[PDB]
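**Student:** Can you keep this structure in mind? I'll have questions shortly.
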Amino acid sequence: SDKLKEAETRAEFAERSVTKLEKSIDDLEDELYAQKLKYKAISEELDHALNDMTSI
Amino acid sequence: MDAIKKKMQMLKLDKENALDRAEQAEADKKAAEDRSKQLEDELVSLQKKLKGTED
């Protein structure tokens, strides 16, 4: 019974830790999505300036 | 970006104004030279008429 309690406690902590890690990776994935949007927008604006200047 | 576009627009406004002024000056030169040459032809005809009167 004592060993079962110990193992259950460690497994519960492991579940909590993996939940925290999954939330953290969600946050960082969202941040990378935002920065990818930033690069898309800046490249699009540079292309717009290029086409405006080449087309006067 | 942002300032680059505005600077390009300034460089284009200068382009349009300079080109328009050049074209207008060229038209002015054409008109003025045509005026001068027609006056010279009138002068020539007057010389010939004077010659006939002298005869």
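Virtual Cβ from ideal backbone geometry, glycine too; neighbours counted across all protein chains shown. Read-outs: derived from the displayed coordinates by stated rules, not from any lab.
**Student:** Take the residues of the range A:20-56 that are away from chain B (no Cβ under 11 Å) and aliphatic (A, V, I, L, M): which is farthest from B:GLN9 (Cα to Cα)?
**Tutor:** A:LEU21
**Student:** Test of understanding: among A:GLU22, A:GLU44, which residue is charged (D, E, K, R) and within 18 Å of B:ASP2 (Cα to Cα)?
**Tutor:** A:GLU44
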